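Q: I'd like to ask some things about the structure below.
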6 protein chains.
Amino acid sequence: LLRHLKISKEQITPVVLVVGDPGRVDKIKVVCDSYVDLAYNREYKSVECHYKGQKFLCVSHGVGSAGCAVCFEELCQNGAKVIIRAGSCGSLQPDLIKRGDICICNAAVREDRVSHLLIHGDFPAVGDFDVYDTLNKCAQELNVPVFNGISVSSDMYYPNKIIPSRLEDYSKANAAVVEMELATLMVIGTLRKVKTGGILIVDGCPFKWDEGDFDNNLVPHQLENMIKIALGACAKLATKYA
Amino acid sequence: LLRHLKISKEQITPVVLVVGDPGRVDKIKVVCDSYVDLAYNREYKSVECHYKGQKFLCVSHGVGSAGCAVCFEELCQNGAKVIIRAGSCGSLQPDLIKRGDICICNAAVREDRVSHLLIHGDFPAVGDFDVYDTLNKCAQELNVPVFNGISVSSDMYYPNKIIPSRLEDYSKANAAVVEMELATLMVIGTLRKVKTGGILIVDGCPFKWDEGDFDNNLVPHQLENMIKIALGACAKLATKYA
Amino acid sequence: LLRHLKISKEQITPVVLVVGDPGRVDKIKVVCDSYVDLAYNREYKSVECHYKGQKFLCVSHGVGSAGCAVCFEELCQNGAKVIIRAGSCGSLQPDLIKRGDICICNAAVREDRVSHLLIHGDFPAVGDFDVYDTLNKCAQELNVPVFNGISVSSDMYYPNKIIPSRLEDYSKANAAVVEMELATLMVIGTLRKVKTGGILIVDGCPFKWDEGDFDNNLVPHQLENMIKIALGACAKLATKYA
Amino acid sequence: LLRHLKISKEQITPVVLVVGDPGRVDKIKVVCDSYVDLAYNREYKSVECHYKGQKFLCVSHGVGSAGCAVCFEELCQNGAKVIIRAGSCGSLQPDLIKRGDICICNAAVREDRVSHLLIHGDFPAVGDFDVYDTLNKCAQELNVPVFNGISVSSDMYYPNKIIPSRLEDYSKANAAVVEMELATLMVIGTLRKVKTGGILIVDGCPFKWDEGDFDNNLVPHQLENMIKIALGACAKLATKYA
Amino acid sequence: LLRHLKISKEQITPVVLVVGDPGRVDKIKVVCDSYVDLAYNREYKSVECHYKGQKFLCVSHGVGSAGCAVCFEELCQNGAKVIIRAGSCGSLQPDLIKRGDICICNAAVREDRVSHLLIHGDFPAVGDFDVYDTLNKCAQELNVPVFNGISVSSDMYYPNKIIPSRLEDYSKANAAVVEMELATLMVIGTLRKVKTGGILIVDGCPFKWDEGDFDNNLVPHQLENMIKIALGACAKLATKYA
Amino acid sequence: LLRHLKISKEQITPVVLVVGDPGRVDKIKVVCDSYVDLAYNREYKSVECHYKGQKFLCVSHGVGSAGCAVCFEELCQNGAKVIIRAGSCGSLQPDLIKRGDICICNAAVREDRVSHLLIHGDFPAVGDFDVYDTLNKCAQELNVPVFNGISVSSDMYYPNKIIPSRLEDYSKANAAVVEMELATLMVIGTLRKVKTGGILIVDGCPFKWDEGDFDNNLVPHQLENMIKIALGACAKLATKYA
Ligand SMILES: C=C[C@H]1CN2CC[C@H]1C[C@H]2[C@H](O)c1ccnc2ccc(OC)cc12
Ligand SMILES: C=C[C@H]1CN2CC[C@H]1C[C@H]2[C@H](O)c1ccnc2ccc(OC)cc12
Ligand SMILES: C=C[C@H]1CN2CC[C@H]1C[C@H]2[C@H](O)c1ccnc2ccc(OC)cc12
Ligand SMILES: C=C[C@H]1CN2CC[C@H]1C[C@H]2[C@H](O)c1ccnc2ccc(OC)cc12
Ligand SMILES: C=C[C@H]1CN2CC[C@H]1C[C@H]2[C@H](O)c1ccnc2ccc(OC)cc12
Ligand SMILES: C=C[C@H]1CN2CC[C@H]1C[C@H]2[C@H](O)c1ccnc2ccc(OC)cc12
């Protein structure tokens, strides 16, 4: 079995959907055509999903870059060819990107440490074009409007008052949203020859937390739509390996 | 309630025992005199422990620095005065520190990113003396031999072959062991005026993974002893606030 | 007029093709349907191209990031909406990417300085999806095989023997090719809300310069094909603004 | 003889008290039971102290990290097992830590360069627990109140107005005091398997130098008390090797 | 021939005058006693100048550090012993250094990337004394007042509003002027055992661009004087090798 | 009085000769025409020298950058206009620069920390031309051969085996010699509008310490010659202010 995911090597499928919360895996599996529970160790919950005639895993990665890298590395080392992250994020453009909007991301800010322990900082955190295109084409089929943009993947959720957060700089640089894992996924994927992407639902705006605008309200219909897009994309991408 | 731990603010006790695996919380609570299950959200499982006449929380932090910082910040922001981490680690001194040995750590290598987003790199990751002394005195009472030393807290579990891992440098520098969260705990604690410490059980040696010497075997009697020391210390420290 | 390009502000078109060598501008204009010479100052030669019913500039940027940034900034500040770089590059994968092969790049290594004087290093150098897709679809129409991949954009052409070149690290990281300007273009474009891309012809392999495998032979038919793809893409993208 | 200290190798004792000013060595020796003058070269004055039945050296290190490292390295290379620094420092918490207060430090900010030329910045500057405990227990025996905390060891005494001093950041981070050598001592000690500590007398507050609150007044009774604590600790620690 | 300069190796003279603009080479050659056009490739224009009985090349380097390094390396690799840059620059001391003033520079700020890819940042960008002395003595002979000082060689011409430009810091540090290539020249020269210098004409002040005080007016008589000084110096230095 | 030098402000002369060892001040004063002892505090010994009709101070700075900066700042803040350092150094070119050779330095490697706490790393550590010229012209008058070159000013005297020393890199970069203070002097001088220089006697070669080639033998006649050159230069420079 995989060292920490505890799934057997034979159970790794070419396409894998990753999400942060183990609870979310259980909410996703029930919208599929069927599923098989595989393993649950620590924050890493794994389920084989069957959807639109195809088979792909759904696996939880936990909160944050160092914990997710364990997950991503084990998947890449054991046969995953495509990894899509579906997650939540905060808006960095509060005039234009609002609660419940959906972002399909192509690139990310490497505000982690593990990516830098693997490759020099100059190297880009970028997703695969094809995966990105597939996500966007599924959103278009379902008539679900989306945003595209760069995510800031930051290891600091709660800022302090000594070293300024770089969020406002990145907003000024036209980064769309903020989350905690996509850059890490993208860099590990490039290093390991695994295609990656990301789709995110907006939940709040960090620049408006002092007015209670937190990440505490996933708009249920929007969340459903994102999950449909994510599952759709997985199934289409899975067709090529099947 | 706490934003992500989902425990009420009134339920935060002055002493908190933190561990990585939510499963471990359930294995610890049953050795206490009694417990009350509080919350379980994502990888964060919280239980109020009653032991030796005192009351303290036990909370899981997940794998890795960015995820644990969410936990630690919420505890520090909402009344925790003392936080002890009990965890596993890898030996960096394989001639002297073997499987199942126990290390009580006073300081850590800041091979994360969140600590650096809070305070300049020059700042030390150090535990509180008193907590460290309390842990050591509990180990002495129970006649459990221990090691003391510095932990390397690294965000990279799986190294690649491009950028060398710094583990061998840190071994040469006399770091004892390697894990993934203690530096983060220590720096947040200093910033927030919360006393911190760490006790760790050795599980393998990264320098001998090519010969199967992994972190996959917690020596059961040694693990029990460490948990007894950790609970003992918590109860003693809790007496001062009670 | 533009401060250093010396073209009038009214002459900036929404799509601009950029190339390094002022000589190349003169070789490109003659394959268009017609052209108007605009300005030539320093290494910056500007010509208005007419191709497939559309109008776009072709402008030389010179060798290297700091010099090209002057060009790119003036174009972005004065109305350019899309900038495609067509250039030469060296292979970083000599088993697979050979002389005369064509690469359509989506992202780049920021081994410059100007990008870092504009935005933190963690920020990705990424092209626009749409531009990348347009280039690839033009190559497919013309039946011209291409490679896709990340470019290392390095400010050092001639390495010395004291500080190792990072080319081999980036090859190991799966970077495809090496050139000198694309990262700079990409970052300025993101900062300025200008869509960017890159198409490159392989000319040699730096890892085989000790055996004379230099950047001194642009395969003439391959160069023609790349230029056709680049012009094709420009014309298609120009249609949206016209 | 030692290369720069000029003391013979046979004269190095297991415990060594270090101080900045060669003049201070002469003021310390006369409070001991007896002494033997050993060497005086450059700013490095060495005297063998006899106190409470034990024998330990007292050696001056000069002002600043690079000069003190020469001293510390020679002592560590030639048999020193324990090194305590006794020095002066500035308050970083002027509401709570006043002129003449005494701080027993456990850790330090590495705002030097030599420590970084020996080991990566992430590594902590931490003292030995036992030494720290011994100092604190001697202060308690003598009924001398003390502070405990982190020292900022900075190579810049006189700030200029271009690059902000980091003192206010470190004050906000709960650093207690500022001096110039302790981090250097601590890191060399960890690297060389030598136990280290630090005791410091407060002399001024850098944040109030514009109002004349300089380091120009060592409160004589407080200085005596600190020196008594330092000598006491040395003698107790020396007992273990004797 | 030289790889990118396209001049033959036999045509490299011991002294070389370098300038940014290929147009400037043509304006310089006509003030010499005679000249021979050698090559023009990309932005690199080369002419053999005959002046005061001596022979030296004049070669254009283009805008910016990465492009100029190609030029400088090829000259240093193929026999150049002395390289003087004559260029334009911006004032960083607008009270004292005005439009058209002439600066003979001895050292430079390394705000590039190629110098850092060749040697650690701590290493100084410094010119040769002798070259500097020769320039100053030629200015004195011709009765042309000059300034001496440090140049900031920055790869960013157009600053943005996210990361502050360091120009004001360097002004406060007593840097005289700003340009884009001298540091690069100086470091390559030291690495290659080639003597270097720099003479610059002031054209504007970046701190007053918001009031139109741009680099768009080379005072014609002052420019003539600088070029006379530069040619004078070249001829004197050339005498030693002839 | 000066805060730490303890000399009165009225006693600061426009030219100051600085040396590391307080003992050396006493050996220099006796070769002057006469002297007046001024102050001796810590490692800082100050004497007013009278030589060739002029008056200048000689002041000891101690070992290392952070300690010397206190000295240099106080001199620059209180009227010093010219500061020459005379010191010892190690050869980085053992084939060409031998024991007892004399180097007159124009620039330095900033391998300290205080310079970086005052100004960005890109800024050069360079001496004043005039001072350098004066030193060289005094050596020529006295028929004393000298070397000129860049000094590596490093805060680490005793390297360890974890992080490689940069000495060999700097040797390859054509640095001549190694010492511990000149860069610091040069940067403080530029910041404070004080002219600086450096003259150094070679004592050993760090690359040959494993064969006993230490800094433990100042060739007495060569040392005399250097001191004569240094005093000569001071007197000439002092004439301009007198
Ligand atoms: C327990 C942690 C959770 C908190 N937020 C939702 C999912 C988990 C990670 C995080 C997310 O990255 C995110 C969403 C929305 N707004 C955010 C704002 C800031 C941010 O900083 C890293 C992360 C945000
Ligand atoms: C799913 C992750 C787990 C893997 N190891 C056990 C607990 C979790 C974190 C990690 C631990 O830090 C650790 C223990 C033992 N040897 C290790 C060796 C290397 C190491 O690198 C960060 C971490 C080690
Ligand atoms: C005068 C400079 C030219 C030299 N090469 C061709 C175009 C200009 C820039 C460079 C190009 O980036 C490139 C092409 C092919 N192989 C290369 C290998 C190394 C490289 O390093 C920056 C650049 C390469
Ligand atoms: C000649 C130098 C002396 C000056 N101060 C007293 C002892 C020597 C070092 C320094 C000390 O670290 C110190 C004490 C008190 N207040 C300080 C404030 C600032 C500081 O910055 C490094 C050092 C301070
Ligand atoms: C096309 C580029 C040109 C623009 N300026 C004149 C010559 C070329 C380079 C630059 C010069 O370095 C310079 C001169 C005057 N003022 C300047 C102000 C700022 C500056 O920033 C690098 C460069 C300046
Ligand atoms: C107590 C310290 C002394 C030791 N050496 C002589 C004077 C003082 C400083 C040092 C000098 O910088 C120096 C001279 C000769 N060879 C050296 C080799 C290495 C070096 O590293 C900083 C310094 C050297």
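How things are named: the first chain in the structure tokens is A, the next is B, and so on; residues count from 1 in each chain; ligands count from 1 in the order shown.
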Any chance you could tabulate, as CSV, the residues of chain F at most 6 Å from chain E with each one's nearest atom pair and distance in Å to one decimal, using only C-alpha atoms, in chain and rising number order?
A:
```
residue,atom,partner,partner_atom,distance
F:109,CA,E:123,CA,4.6
F:110,CA,E:122,CA,4.7
F:122,CA,E:110,CA,4.7
F:123,CA,E:109,CA,4.6
F:124,CA,E:124,CA,4.7
F:125,CA,E:124,CA,6.0
F:173,CA,E:191,CA,5.1
F:191,CA,E:173,CA,5.1
```
Q: Go ahead and save the picked residues with N, CA, C and O atoms, as a short mmCIF file (atom, residue, chain, number, x, y, z; two decimals), in the first residue's frame.
A:
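Printed below is selection-v9.cif as written:
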```
data_model
loop_
_atom_site.label_atom_id
_atom_site.label_comp_id
_atom_site.auth_asym_id
_atom_site.auth_seq_id
_atom_site.Cartn_x
_atom_site.Cartn_y
_atom_site.Cartn_z
N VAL F 109 34.78 42.70 -0.75
CA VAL F 109 33.65 41.77 -0.69
C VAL F 109 32.93 41.98 0.66
O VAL F 109 33.54 41.83 1.71
N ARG F 110 31.59 42.17 0.59
CA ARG F 110 30.82 42.54 1.79
C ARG F 110 30.33 41.28 2.54
O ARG F 110 29.15 41.03 2.65
N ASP F 122 23.49 44.98 -3.05
CA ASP F 122 23.97 45.31 -4.36
C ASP F 122 24.96 46.44 -4.36
O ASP F 122 25.64 46.66 -5.34
N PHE F 123 24.92 47.28 -3.30
CA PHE F 123 25.79 48.41 -3.22
C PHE F 123 27.26 48.04 -3.04
O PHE F 123 27.58 47.12 -2.29
N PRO F 124 28.19 48.70 -3.80
CA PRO F 124 29.57 48.29 -3.71
C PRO F 124 30.30 48.81 -2.46
O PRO F 124 30.04 49.96 -1.99
N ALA F 125 31.17 47.99 -1.97
CA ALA F 125 32.17 48.40 -0.96
C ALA F 125 33.40 48.86 -1.77
O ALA F 125 34.10 48.00 -2.31
N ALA F 173 37.39 34.34 -8.69
CA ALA F 173 36.94 35.66 -9.13
C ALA F 173 37.98 36.78 -9.15
O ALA F 173 37.66 37.90 -9.47
N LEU F 191 28.48 56.01 2.97
CA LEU F 191 27.22 56.49 3.58
C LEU F 191 27.40 57.81 4.32
O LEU F 191 26.45 58.56 4.36
#
```
Q: Using only C-alpha atoms and all ligand atoms, which residues have at least one atom no more than 9 Å from ligand 5? Output them as a count of residues only.
A: 47
Q: If DSSP is run on the backbone, what residues of segment 54-138 of chain C are strand (DSSP E)? A reply as a list in words would be ideal.
A: residues 54, 55, 56, 57, 58, 59, 60, 82, 83, 84, 85, 86, 87, 88, 89, 90, 91, 102, 103, 104, 105, 106, 107, 108, 109, 110, 111, 125 and 126 of chain C
Q: Tell me which protein, DNA and RNA residues are within 10 Å of residue 144 of chain E, counting only C-alpha atoms, leaving out same-chain ones fewer than 5 positions away, and put them as a list in words.
A: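 After dropping sequence-adjacent residues, the list is residues 101, 102, 136, 138, 139, 222, 225, 226, 228 and 229 of chain E.
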Q: Would you pick out the contacts of residue 12 of chain F at 7 Å or less, using only C-alpha atoms, so that residues sharing its chain but fewer than 4 positions from it are not included, and give the list as JSON, numbers by chain?
A: {"F": [78, 79, 80]}
Q: Please produce a file of the residues just selected, as a PDB file, in the first residue's frame, where the atoms kept are N, CA, C and O atoms.
A:
```pdb
ATOM      1  N   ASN F  78      31.790  62.376  14.066  1.00  0.00           N
ATOM      2  CA  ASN F  78      32.368  63.422  14.888  1.00  0.00           C
ATOM      3  C   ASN F  78      33.508  64.134  14.182  1.00  0.00           C
ATOM      4  O   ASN F  78      34.358  64.743  14.816  1.00  0.00           O
ATOM      5  N   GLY F  79      33.510  64.115  12.849  1.00  0.00           N
ATOM      6  CA  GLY F  79      34.466  64.918  12.106  1.00  0.00           C
ATOM      7  C   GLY F  79      35.552  64.324  11.273  1.00  0.00           C
ATOM      8  O   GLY F  79      36.234  65.093  10.511  1.00  0.00           O
ATOM      9  N   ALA F  80      35.759  63.018  11.341  1.00  0.00           N
ATOM     10  CA  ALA F  80      36.730  62.406  10.476  1.00  0.00           C
ATOM     11  C   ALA F  80      36.327  62.598   8.997  1.00  0.00           C
ATOM     12  O   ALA F  80      35.094  62.558   8.670  1.00  0.00           O
TER      13      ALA F  80
END
```
Q: Can you work out the spacing between atom CA of residue 17 of chain F and atom CA of residue 134 of chain E in Å, to one decimal?
A: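 Atom CA of residue 134 of chain E lies at a distance of 28.1 Å from atom CA of residue 17 of chain F.
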Q: Would you list, as a VMD selection string, the residues of segment 106-196 of chain D that end up in helix (DSSP H, G or I) under DSSP run on this structure's backbone?
A: chain D and resid 114 to 118 129 to 141 167 to 172 182 to 191
Q: Please list as a ChimeraX atom specification every residue within 9 Å of residue 241 of chain F, counting only C-alpha atoms and excluding residues in the same chain fewer than 5 positions away.
A: /F:14-15,81
Q: Pull N, CA, C and O atoms from the residues just selected and write them as a PDB file, in the first residue's frame.
A:
```pdb
ATOM      1  N   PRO F  14      40.786  65.471  11.027  1.00  0.00           N
ATOM      2  CA  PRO F  14      40.253  65.115   9.703  1.00  0.00           C
ATOM      3  C   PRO F  14      40.750  63.780   9.116  1.00  0.00           C
ATOM      4  O   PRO F  14      39.917  63.088   8.495  1.00  0.00           O
ATOM      5  N   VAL F  15      42.014  63.401   9.340  1.00  0.00           N
ATOM      6  CA  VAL F  15      42.556  62.115   8.916  1.00  0.00           C
ATOM      7  C   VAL F  15      42.726  61.218  10.147  1.00  0.00           C
ATOM      8  O   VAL F  15      43.197  61.660  11.183  1.00  0.00           O
ATOM      9  N   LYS F  81      37.270  62.971   8.137  1.00  0.00           N
ATOM     10  CA  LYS F  81      37.037  63.140   6.716  1.00  0.00           C
ATOM     11  C   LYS F  81      37.711  62.051   5.875  1.00  0.00           C
ATOM     12  O   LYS F  81      37.277  61.830   4.749  1.00  0.00           O
TER      13      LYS F  81
END
```
Q: Do you have the atom CA of residue 48 of chain F-atom CA of residue 236 of chain F distance handy?
A: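 Distance between the two atoms: 16.0 Å.
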